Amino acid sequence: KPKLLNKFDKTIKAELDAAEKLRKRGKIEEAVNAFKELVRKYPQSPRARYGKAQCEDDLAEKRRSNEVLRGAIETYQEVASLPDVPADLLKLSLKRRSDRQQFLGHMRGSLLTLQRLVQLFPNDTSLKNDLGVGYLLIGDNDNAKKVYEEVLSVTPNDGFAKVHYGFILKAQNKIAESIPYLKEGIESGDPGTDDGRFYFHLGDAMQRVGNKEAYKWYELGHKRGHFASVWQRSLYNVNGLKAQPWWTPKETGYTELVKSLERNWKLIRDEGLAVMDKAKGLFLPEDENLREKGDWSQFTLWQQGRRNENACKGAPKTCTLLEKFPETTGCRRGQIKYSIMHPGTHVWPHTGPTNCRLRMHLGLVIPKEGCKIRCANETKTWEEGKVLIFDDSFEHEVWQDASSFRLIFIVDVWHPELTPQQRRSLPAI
């Protein structure tokens, strides 16, 4: 069905088919030099140029080389600029370019290629759907939203556009509105709709509005492999890690860290309070849409295993203290931060992104009553100078119905069963 040869390339179909046969049979070195010869003999051949690119692409996979792949990405573009490029070949070449650009993390370059693709094929629905993803991958939910509105103005039942539109709506806190789009799109079954994100957010959406069928969808997500359990709904996981909502210090093995936190708790408190008191902008409001109501702000010392040097100027002894514990300072899937919460605050039930961390909470200023945290089926409270430990990949929920402010210190650690290699290699979150 693919029509990849223009009239010129048909005049040399035998040479092109010989080169491609070498590639399909795995003789990459041989194929590279065959298509190189063809590109040399026929500088204007689109098919010879595409074969060169596919061979560079294959050679990048064999060597696991980003640099080689960057070369393939440029050759795929050369294909699109040659004379009389068949439409099927033009689409294949630029689509692969954008896909490989995404693989490298060149999200801005992929977006440019995707904008050119949609401009070349205005009627290809799937290219617009992929353009929307391109916007989402750069954090441009406004342009992404327009793309999917366009799409389902033309094609109202495209399941892919439905779940992506509902995902965008929920991100904008259009909870009730996003439900039908997320719900219908999963039941569609279209390619790209069987994604844990959409199961995660549909259930959460339904939970926030009281729609008691949310857990029916979580169990479904569990059946599809997206959630380890109905309660533990993180999506960036290492399978087999001990899963329990509450931990003791002994169970984590990080007993010296827990001791250092509790023994030095007044020093940690006083530095955090001193930062509050200066009243600069260092405590930032929570900005993940997790609050039903109230006031919640956080002052972060470490994130993604990276020390915030300016923050540590405001809590210099606390930061010096923590350097002794790479299990937290090097936890590239966690943070170290102070968290202040004021009266009249309720945090929605929610889950963290990964099962590769545990969270330690050290009480610093805890009103005698009104402050609660539930994780899974158990509700606990903080105490000044004491550490609580839970797995925030389990659903958890917080209340602040006290008469004054509540301050804690949050120290993330690698899940103890993660190996040193896993701790060095896992992508940061």
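Quick note: we count residues from 1 along the sequence shown, nothing fancier.
Checked against the record, the higher mean CA B factor of 101-109 and 298-306 lies with 101-109. In this crystal structure, the stretch out of 26-34 and 45-53 whose C-alpha atoms carry the higher mean B factor is 26-34.
Out of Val258, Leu220, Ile336, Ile268, the entry records its largest CA B-factor for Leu220. Sorting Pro191, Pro316, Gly330, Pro353 by the CA temperature factor given in the entry leaves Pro191 at the top. Annotation for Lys380: C-alpha temperature factor in the middle third relative to the rest of the modelled chain, per the entry. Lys368 sits in the middle third of its chain by CA B factor, as recorded in the PDB entry. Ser93: CA B factor in the middle third of modelled residues in this chain (values from the PDB entry). Among all modelled residues in its chain, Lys145 ranks in the middle third by Cα B-factor. Per the deposited record, the Cα B-factor of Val79 falls in the lowest third when ranked against the other modelled residues of its chain.
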